[PDB]
Amino acid sequence: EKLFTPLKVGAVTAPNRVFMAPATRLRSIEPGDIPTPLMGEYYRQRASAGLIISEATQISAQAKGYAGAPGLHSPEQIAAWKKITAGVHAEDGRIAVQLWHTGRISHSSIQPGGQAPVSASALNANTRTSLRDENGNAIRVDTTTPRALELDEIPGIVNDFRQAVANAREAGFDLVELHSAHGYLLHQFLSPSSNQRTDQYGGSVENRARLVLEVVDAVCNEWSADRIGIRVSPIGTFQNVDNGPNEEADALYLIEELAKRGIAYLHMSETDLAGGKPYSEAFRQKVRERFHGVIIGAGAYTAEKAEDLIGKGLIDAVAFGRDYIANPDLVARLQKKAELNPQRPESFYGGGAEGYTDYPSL
Ligand SMILES: Cc1cc2nc3c(=O)[nH]c(=O)nc-3n(C[C@H](O)[C@H](O)[C@H](O)COP(=O)(O)O)c2cc1C
């Protein structure tokens, strides 16, 4: 078995390969998009993970697309996240913050000034996001048509990611994960289906990857490359954002470019929750030979699949989403081959302690 053996992940060392995947739970305080003591308890319960990757966290107010998702831009947010990271560290854990801009997967009612969200192009995502009703309960609402970012606004986006990483360092996170997956802003630029720009940020793969690579360079300069990871979902379709007709070639281009920066990790979200075609071993080899840090796989993994691919040398760690939602001590359960708690997906999004901090440890 290798799942329970240590792994150096940039500037930190994980004691096992069983990582907690990022999971939006939509329990922050509004107004202010502030993490809570209940969220600190949730993460503290999971601190035996080789690495915790937090729920997606806004880099700015404009980045917000879901009511209840936290930010890392305000002083009050920074102060609250400092308590959460302290709690994880008190339990000898490690925690990374996943940073996002939702782009067009958003709604005007939670944007600054009530105005349209932004994206690469002015095309509706044709999906829903999650708002809150007058009693604070999560509700699904159609996304608002976005405005295309003007060329002169793109430096501000890069600066927002830079500043959020600086804030993550102060807040005590061990690493950052850039959310370049799942149809959110960075992926909106990457994908030909959502990016119809005719400037240097659209067209060719080199132009479509331009923004994400500018963000990577900015955050590496702000902190250090050994503190930066990135989540990608480059094969398949995710929240109506496909990866285009040359998805494999384009993914390998992006990975080769990320490798030049010497970042800590590459986290690949292999399928969305509705499924998709599995990665071939050949494609995993092509990824492996292009990236020289840690590769994290995710998407309906079992311990068996993780051990298989780690032992084949194709990935270094596995991130579990829903199993970690329901099992705070997943590491111990997997080590002892114990049963897992049953999942309650009706409480994944919104609400309070129920379905959040009340899944028992062994
Ligand atoms: C309730 C829920 C919230 C999620 N939120 C995020 C998120 O904030 N960021 C992200 O990159 N993926 C998110 N995901 C995807 C998970 O990280 C993970 O890739 C996915 O659950 C598939 O893995 P699993 O079969 O182990 O659950 C979420 C999934 C679920 C079920």
Side-chain angles (χ1 to χ4, degrees), residues 1-24 46 48-56 93-100 173-182 184 186-187 212 216 219 225-236 238 251-252 254-255 258-259 261-273 276 278-279 281 283-325 330-331 334:
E1 279 181 309
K2 299 187 55 45
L3 270 175
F4 314 103
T5 66
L7 182 71
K8 190 72 216 291
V9 183
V12 296
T13 296
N16 66 65
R17 312 303 185 90
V18 174
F19 291 4
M20 175 177 171
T24 289
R46 288 157 179 76
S48 63
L51 177 63
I52 295 176
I53 304 158
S54 77
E55 68 205 272
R94 299 133 298 285
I95 185 168
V97 60
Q98 185 185 57
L99 295 172
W100 66 356
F173 288 100
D174 297 290
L175 302 167
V176 170
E177 183 175 284
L178 304 169
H179 197 339
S180 190
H182 300 166
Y184 301 109
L186 299 175
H187 196 199
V212 69
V216 170
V219 305
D226 72 353
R227 299 286 181 169
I228 307 308
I230 183 170
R231 199 172 207 201
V232 293
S233 61
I235 302 303
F238 299 78
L252 294 181
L254 178 56
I255 293 160
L258 295 169
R261 284 80 171 171
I263 59 163
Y265 74 74
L266 178 71
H267 186 170
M268 309 189 83
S269 177
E270 294 173 20
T271 166
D272 71 13
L273 303 176
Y279 279 20
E281 278 189 30
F283 175 70
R284 296 193 190 274
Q285 294 278 20
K286 290 184 175 69
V287 171
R288 185 55 137 189
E289 70 186 12
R290 282 161 175 80
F291 188 78
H292 317 293
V294 161
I295 295 178
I296 304 167
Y301 271 68
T302 62
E304 286 193 336
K305 178 181 174 185
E307 277 288 348
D308 180 70
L309 291 173
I310 294 166
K312 282 171 184 185
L314 298 170
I315 65 180
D316 305 293
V318 53
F320 296 104
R322 289 167 287 185
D323 286 341
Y324 247 121
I325 290 175
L330 188 61
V331 169
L334 290 181

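Positions are given from 1 along the sequence.
- The shortest distance between side-chain heavy atoms of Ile255 and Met268 falls below 4.5 Å.
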Please evaluate residues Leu51 and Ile95 with respect to the criterion side chain to side chain contact (heavy atoms under 4.5 Å, CB included), reporting the C-alpha separation (whole Å), side-chain torsions for both, the decisive distance (0.1 Å), and the verdict.
CA-CA 6 Å; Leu51 177 63; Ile95 185 168; 5.7 Å; no
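- Going from atom CG of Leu7 over to atom NZ of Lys2 covers 9.0 Å, rounded to the nearest 0.5 Å.
- Between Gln285 and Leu314, some side-chain heavy-atom pair lies under the 4.5 Å cut-off.
- Applying the salt bridge (charged side-chain N to carboxylate O under 4.0 Å, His left out) criterion to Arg46, with sequence neighbours excluded, gives no partner residue.
- Once rounded to the nearest 0.5 Å, the distance linking CG of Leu99 with CD1 of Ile228 reads 8.5 Å.
- Atom-to-atom distance recorded for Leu273:CG and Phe238:CZ is 9.5 Å, nearest 0.5 angstrom.
- Atom CG of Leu178 is separated from atom CD1 of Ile230 by 5.5 Å, given to the nearest 0.5 angstrom.
- The only member of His187, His267, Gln98, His179 that meets side chain to side chain donor-acceptor pair (under 3.5 Å) when paired with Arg231 is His267.
- The two atoms that bring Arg94 and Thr13 nearest to each other are CD-O, 3.3 Å, heavy atoms only.
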Check step by step if side chain to side chain contact (heavy atoms under 4.5 Å, CB included) holds for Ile263 and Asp226.
CA-CA 5 Å; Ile263 59 163; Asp226 72 353; over 6 Å; no
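- Counting all heavy atoms, side chain and backbone alike, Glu289 lies closest to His292 at O-CE1, 3.7 Å.
- Not one N or O on the side chain of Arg17 forms a donor-acceptor pair closer than 3.5 Å with the backbone of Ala306.
- Contact annotation: the side chain of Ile296 never approaches that of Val318 to less than 4.5 Å [non-hydrogen atoms, C-beta and beyond].
- When every heavy atom of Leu334 is checked against every heavy atom of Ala303, the shortest pair comes out as CD2-CB, 4.1 Å.
- Using a cut-off of 4.0 Å between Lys/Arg side-chain N and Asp/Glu carboxylate O, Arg284 and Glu270 are scored as salt-bridged.
- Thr271 places a side-chain N or O within 3.5 Å of a backbone atom of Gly276 that can act as its donor or acceptor partner.
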Please determine whether side chain to side chain contact (heavy atoms under 4.5 Å, CB included) holds for the pair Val294 and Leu266, giving the CA-CA distance in whole Å, both sets of side-chain angles, and the decisive distance to 0.1 Å.
CA-CA 6 Å; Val294 161; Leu266 178 71; over 6 Å; no
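- With sequence neighbours left out, the ring pair (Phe, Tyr, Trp, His ring centres under 6.0 Å) criterion links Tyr301 to no other residue.
- Annotation: the span from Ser233 atom OG to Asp272 atom CG amounts to 8.5 Å, rounded to 0.5 Å.
- For an aromatic pair to be called close, the ring centres must be under 6.0 Å apart, and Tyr279 with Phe283 satisfies this.
- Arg288 pairs by the salt bridge (charged side-chain N to carboxylate O under 4.0 Å, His left out) definition with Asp316, not counting sequence neighbours.
- In this structure the side chain of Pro15 never reaches within 4.5 angstrom of the side chain of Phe4, judged on heavy atoms.
- Between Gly50 and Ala14, the shortest heavy-atom contact is O-CB, 3.3 Å.
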Please report the C-alpha distance between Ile325 and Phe320 in whole Å, then the side-chain angles of each, then the deciding distance to 0.1 Å, and finally whether the side chain to side chain contact (heavy atoms under 4.5 Å, CB included) criterion is met.
CA-CA 9 Å; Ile325 290 175; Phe320 296 104; over 6 Å; no
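- Among all heavy-atom pairs drawn from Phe291 and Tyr265, the shortest one is CZ-C, 3.7 Å.
- Across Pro234 and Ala251, no two heavy atoms sit closer than the pair CB-CB, 3.6 Å.
- For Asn16 (side chain) and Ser48 (main-chain N/O), a donor-acceptor pair under 3.5 Å exists by modelled atom type.
- Remark: side-chain polar atoms of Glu307 are paired, donor with acceptor, to backbone N or O of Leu3 under 3.5 angstrom.
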